[PDB]
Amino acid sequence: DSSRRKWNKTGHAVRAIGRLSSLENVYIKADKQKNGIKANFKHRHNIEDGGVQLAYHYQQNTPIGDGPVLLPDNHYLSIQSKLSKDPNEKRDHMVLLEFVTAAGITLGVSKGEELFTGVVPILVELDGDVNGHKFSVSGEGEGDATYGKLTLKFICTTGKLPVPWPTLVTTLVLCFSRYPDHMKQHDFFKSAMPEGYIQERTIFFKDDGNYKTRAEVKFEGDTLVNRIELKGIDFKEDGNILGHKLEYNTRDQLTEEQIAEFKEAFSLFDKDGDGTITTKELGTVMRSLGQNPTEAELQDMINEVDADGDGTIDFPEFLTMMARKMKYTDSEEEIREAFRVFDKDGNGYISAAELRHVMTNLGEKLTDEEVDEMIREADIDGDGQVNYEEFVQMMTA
């Protein structure tokens, strides 16, 4: 419709500012005390019946040998994962496809790099204990660091896995990231090879238990091996983990129709129509929505999604970030933040006088009739206003 596709335009623009304002990548820092790196990241797991389970990761990497290593400046890795099932497999199993790419240093090789120039066989061995429920996982596949590509099949060798597969993905080889030519001096992971590194994590599942991991990642001959011990404590008997309430698969399906909604939202930011979004342009939309960021914040927000590191959001970089932002569910707190962009008085209801103060402050002419058509489209209980539960309907597939 002509008032339906005025929701998507305004809604996508807000979800996009949401994405630009959060921290979704794997942030790496030098740790000179340990001759190593530290990392941290927020992972999302879709809850089958709706909502999201967050898993907050802290990470530490330590060389096994005394060789010199590369200690990087601050960057991040960007990871895209697809989970699938092997149709001829009786055993509890996971087929995993990962792409891993290093970015985050805008445009201004160790001996280990050389072991990754081609396709490297991969072996993974995990022993686990969560709340006393013990399990082992075996995996095999191969990695191509040229393209940051990993393929792996994993078996549960103990029978039924006591936790959902998706919760083990982060634990079950960042030495296969594609690093740009300008960032090769920052690849610690390959630098440690072949003697290897210790990778330790702690993973906090919000409102539930935590995992502790210790892994040896090294060459055993010509194979890259990941040997992992995992311990989980304090999990709820009927939480999302132990009660197996998380989506396995997470559809990867952007319709032609959705891409086109992304473009219309994109064009709100790209006011000069040159196919990219500058700090100036991002700033302009955000001031117009109340917020008032610095040049420094805008550079950081753009850096979160700047694949090519040119200091702008290219249309493709935008399509990518919006794709991700539809694959994984937002938190209540994130949707709340979205709502408050419309809900200026904080009373918990979007008036028709609130929707306009957004729309005519975002450079849109519209009669006090098409406004009322917007409200009507979203308003189920009929009060002529938009409450939180109503908003949450507008902001979904």
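The first residue of the shown sequence is 1; numbering continues from there.
Unmodelled deposited residues between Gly108 and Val109: 10 or more, per the record. The gap between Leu172 and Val173 holds 1 to 3 unmodelled residues of the deposited sequence. Taking the mean C-alpha B-factor of each stretch as recorded, 136 to 144 and 86 to 94 are not equal, and the higher mean is that of 86 to 94. If you average the C-alpha B-factors over 14 to 22 and over 376 to 384, the higher value belongs to 376 to 384. Of the candidates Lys29, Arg44, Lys344, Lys32, it is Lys344 whose Cα B-factor is highest according to the PDB record. Taking only the listed residues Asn61, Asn40, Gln53, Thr360, the entry reports the highest CA temperature factor at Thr360.
Among the modelled residues of its chain, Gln80 has a C-alpha B-factor that falls in the middle third according to the deposited record. Residue-level temperature factors show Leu115 in the middle third of its chain, judged at the C-alpha atom. In this PDB entry, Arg251 carries a Cα temperature factor that places it within the highest third of its chain's modelled residues. Among the modelled residues of its chain, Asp272 has a C-alpha B-factor that falls in the lowest third according to the deposited record.
When the modelled residues of the chain are ordered by C-alpha B-factor, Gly159 sits in the lowest third.
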